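**Q** build me a model:
(4 chains)
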Amino acid sequence: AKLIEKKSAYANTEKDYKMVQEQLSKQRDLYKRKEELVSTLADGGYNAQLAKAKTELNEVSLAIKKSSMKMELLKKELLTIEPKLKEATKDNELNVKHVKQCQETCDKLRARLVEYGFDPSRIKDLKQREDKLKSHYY
Amino acid sequence: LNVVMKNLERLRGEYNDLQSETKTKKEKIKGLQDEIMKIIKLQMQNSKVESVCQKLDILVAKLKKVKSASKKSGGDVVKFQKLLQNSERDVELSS
Amino acid sequence: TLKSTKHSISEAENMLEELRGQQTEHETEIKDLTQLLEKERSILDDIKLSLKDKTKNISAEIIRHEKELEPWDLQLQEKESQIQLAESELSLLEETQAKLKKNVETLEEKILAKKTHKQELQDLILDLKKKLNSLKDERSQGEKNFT
Amino acid sequence: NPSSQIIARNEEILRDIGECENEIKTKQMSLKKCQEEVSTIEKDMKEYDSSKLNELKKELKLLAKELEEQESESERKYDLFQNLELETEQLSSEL
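**A** Numbers count the residues shown, from 1 in each chain, chains lettered A, B, ... in the order given. Take a look at the structure below.
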């Protein structure tokens, strides 16, 4: 019942987060309406709004320029590192081949080992069994 | 690094001519400041706004205290139900 | 059971008293906050009703200054923006440089640690050899006499 | 062999790059309002020139108040839900 109630409480918390987001949007709309009402204090205040809009447009243009410069730098870095990756792919393939040959050699030698008829865990278990047997014996 | 140093030197020069224009800009700004220095009620309005903000904070604290009191009442009701169950068990044990 | 019931009853009574006190304090605080908000609204209305400041000449001089600075507008501020538009990369290279420095600084320290590690490992190895001796010879003496 | 590790960075050299593109789009989104705001400023030149419309904005605030009315329950319900959650938690804790 508590797991069911915890699932219900998680659903209710998601609903409450959605309602809090809606309330934040409504509060932002109310603040915008209050600012528009207070802006009334015949175009004297339009100059400040035009200056603010021009500043916002300049900031957006600067952000776009910075993003384009970052994208160009990243593309140049990728084009410069592409030959480095093409050259390191050979070393990676060589390491993979060495790992594979080590795996196959270890597998063949383990087959030989199990063909020689010996197991460490089996011998240890048999020794412990003989130990407890002779223990109760004496 | 040297290219960027020459670039920032050119930026210092353009800031110098910007300050050359800012001479007259600040002259106009000082004219506007001397015109607007006539103004007061703004201090009383700011004090009233601060008092209203303090009252809103006190109201939020009172709402939080009311929520805590409701939670304490729920906990007390749960404790009273547990005590009633324990009293029934104790009556059965006494019988 | 009686001790538990008495403890629960005392806790319930204390919780009820605390809840009553908190409700009274919250009602008093709400009344005080409402009175303070009403007083602040009245003071704000009284200050706005008598807020004139003789803004005629102020607005005239502001309009004159704006019309004069129309050639000296924010077009200069953008000329300063390019400054930081360079300053960003003025750090960026160095940032990458610092990254390269980190690409070095991450190795030596830990490599140095590895050195110490293997060192003490060898030491421990030698130490084990010592106890190995004390495990062998005594063992050789542990049977015969015991036999 | 860490020479392939820088290759992974090359992958980032694309990934963040794409994000940068999105950032550019974000900037465009800002522009989609920024210049539009300028137009709105122009609308102000047509609005303030021809007064009581700000009072209508108060009605919009009333609409927001209506939303706040919903919030007056919603957040409250949320608080109740929180309390419920707390209760549930308490129950769980008890269990």
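**Q** please, where are all the strands along chain B?
**A** Remark: strands of chain B are absent; assignment by DSSP state E.
**Q** the spatially most central residue of chain C sits in which helix or strand?
**A** With distances taken as C-alpha atoms, centre = their mean, residue C:95 lies nearest the centre of chain C, 23.5 Å away. According to DSSP states H and E, residue C:95 maps onto helix C:75-144.
**Q** quick one, what contacts the residue nearest to the centre of chain C?
**A** By C-beta atoms under 8 Å, 6 or more residues apart in numbering or on different chains, residue C:95 lies in contact with nothing. (Each C-beta comes from the backbone N, C-alpha and C, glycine too.)
**Q** what about residue 38, neighbour count?
**A** You didn't pick a chain, so chain A it is. Residue A:38 has 10 neighbouring residues, counting by other C-beta atoms under 10 Å in any protein chain shown.
**Q** oops, I was thinking of chain C
**A** 12.
**Q** please apply the same query to the one 5 residues further on.
**A** For residue C:43, the count of nearby residues is 18 (other C-beta under 10 Å).
**Q** what about the strand or helix carrying it, near chain D?
**A** Here residue C:43, judged by DSSP H and E, is contained in helix C:2-49. No. Helix C:2-49 lies out of reach of chain D by C-beta under 8 Å from any C-beta of the partner chain, never closer than 13.7 Å.
**Q** so which elements touch the following helix or strand past that helix?
**A** Next helix or strand after helix C:2-49 toward the C-terminus (DSSP H and E): helix C:55-69. With contacts defined as 3 or more C-beta pairs under 8 Å, 6 or more residues apart in numbering or on different chains; DSSP states H and E, helix C:55-69 has these neighbours: helix B:2-36.
**Q** right, is the helix it packs on up against chain A?
**A** No. Helix B:2-36 does not reach chain A (C-beta under 8 Å from any C-beta); its nearest approach is 13.8 Å.
**Q** what about that helix, distance to the chain center?
**A** 35 Å (C-alpha atoms, centre = their mean, to the nearest Å).
**Q** contacts only, for the closest residue to residue B:76 other than its chain neighbours.
**A** Closest residue in space to residue B:76, ignoring its immediate chain neighbours: residue C:15 at 3.7 Å, by C-beta to C-beta, 6 or more residues apart in numbering or on different chains. By C-beta under 8 Å, 6+ apart, residue C:15 lies in contact with B:72-73, B:75-76, B:79.
**Q** quick revisit: distance from the chain centre to the helix holding residue C:43, please.
**A** Offset of helix C:2-49 from its chain centre (C-alpha atoms, centre = their mean): 33 Å.
**Q** next one: stretch C:94-104
**A** Centroid separation between stretch C:94-104 and its chain, computed with C-alpha atoms, centre = their mean, is 26 Å.
**Q** and stretch A:72-90, by the same measure?
**A** With C-alpha atoms, centre = their mean, you get 23 Å for stretch A:72-90.
**Q** narrow the contacts of residue C:15 to those that are buried.
**A** Buried residues within those, counting neighbours by 16 or more other C-beta atoms under 10 Å in any protein chain shown: B:72-73, B:75-76, B:79.
**Q** okay, these in CSV with distance to residue D:60 next?
**A** Formatted as CSV, those follow (distance: C-beta to C-beta, whole Å):
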residue, distance to residue D:60
B:72, 40
B:73, 40
B:75, 43
B:76, 45
B:79, 49
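**Q** would you tell me which residues of chain B are close to chain D?
**A** So far as C-beta under 8 Å from any C-beta goes, chain B lies against chain D at B:67, B:70-71, B:74-75, B:78.
**Q** out of these, the closest to residue A:112 would be?
**A** Residue A:112 has its nearest neighbour among these in residue B:78, at 71.6 Å by C-beta to C-beta.
**Q** quick one: the helices in chain A?
**A** For chain A, the helices defined by DSSP state H occupy A:2-38, A:46-115, A:120-137.
**Q** got those as CSV, with distance to residue D:21 columns?
**A** Formatted as CSV, these follow (distance: least, C-beta to C-beta, whole Å):
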stretch, distance to residue D:21
helix A:2-38, 28
helix A:46-115, 6
helix A:120-137, 59
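**Q** and of those, who's closest to residue D:35?
**A** Taking these one by one with C-beta to C-beta, helix A:46-115 is closest: 5.8 Å.
**Q** that closest one near chain C anywhere?
**A** Yes. Helix A:46-115 is in contact with chain C by C-beta under 8 Å from any C-beta, via A:47, A:51, A:54-55, A:58, A:62, A:65-66, A:69.
**Q** the residue nearest to residue C:78 when sequence neighbours are not counted: how many residues sit nearby?
**A** Leaving aside its sequence neighbours, residue C:78 sits nearest to residue A:58 (C-beta to C-beta, 6+ apart; 5.9 Å). Counted with other C-beta under 10 Å, the neighbours of residue A:58 add up to 15.
**Q** and chain C, which residues reach chain A?
**A** C:59, C:63, C:66, C:74, C:78, C:81, C:85, C:88-89.
**Q** most centrally placed residue in chain B?
**A** In chain B, the centroid-proximal residue (C-alpha atoms, centre = their mean) is residue B:53; its distance is 9.4 Å.
**Q** can you pull the contacts of that one?
**A** Contacts for residue B:53 (C-beta under 8 Å, 6+ apart) come out as none.
**Q** ditto for residue B:29
**A** By C-beta under 8 Å, 6+ apart, the residues touching residue B:29 are residue C:65.
**Q** what does residue A:44 give?
**A** C:59, C:63, D:48.
**Q** kindly indicate which of the residues you listed lies nearest chain B.
**A** Closest approach between those and chain B, by C-beta to the nearest C-beta: residue C:59, at 8.9 Å.
**Q** name the nearest residue to the closest one, ignoring sequence neighbours.
**A** Closest residue to residue C:59 apart from its sequence neighbours, by C-beta to C-beta, 6+ apart: residue A:44 at 7.4 Å.
**Q** now do residue A:89
**A** residue D:4 is the one closest to residue A:89 (C-beta to C-beta, 6+ apart), at 7.3 Å.
**Q** helices or strands next to the strand or helix carrying the one you found in the packing?
**A** Remark: residue D:4 resides in helix D:3-47, with elements defined by DSSP H and E. When contacts are defined as 3+ C-beta pairs under 8 Å, 6+ apart, helix D:3-47 packs onto helix A:46-115.
**Q** elements contacting the helix it packs on?
**A** Looks like helix A:46-115 contacts helix C:75-144, helix D:3-47 (3+ C-beta pairs under 8 Å, 6+ apart).
**Q** next SSE downstream of the shortest one?
**A** In other words, helix D:3-47. Using DSSP H and E, the next helix or strand after helix D:3-47 towards the C-terminus is helix D:53-94.
**Q** let me know whether that next one sits next to chain C.
**A** No. Figure legend: helix D:53-94 not in contact with chain C (C-beta under 8 Å from any C-beta); closest approach 13.7 Å.
**Q** between that helix and helix A:2-38, how many degrees?
**A** 160 degrees (axes from the mean of the first three to the mean of the last three C-alpha atoms, to 10 degrees).
**Q** helix D:53-94 vs helix D:3-47, what angle?
**A** 140 degrees.
**Q** now helix D:53-94, how far from the chain's geometric center?
**A** Chain-centre distance of helix D:53-94: 18 Å, with C-alpha atoms, centre = their mean.
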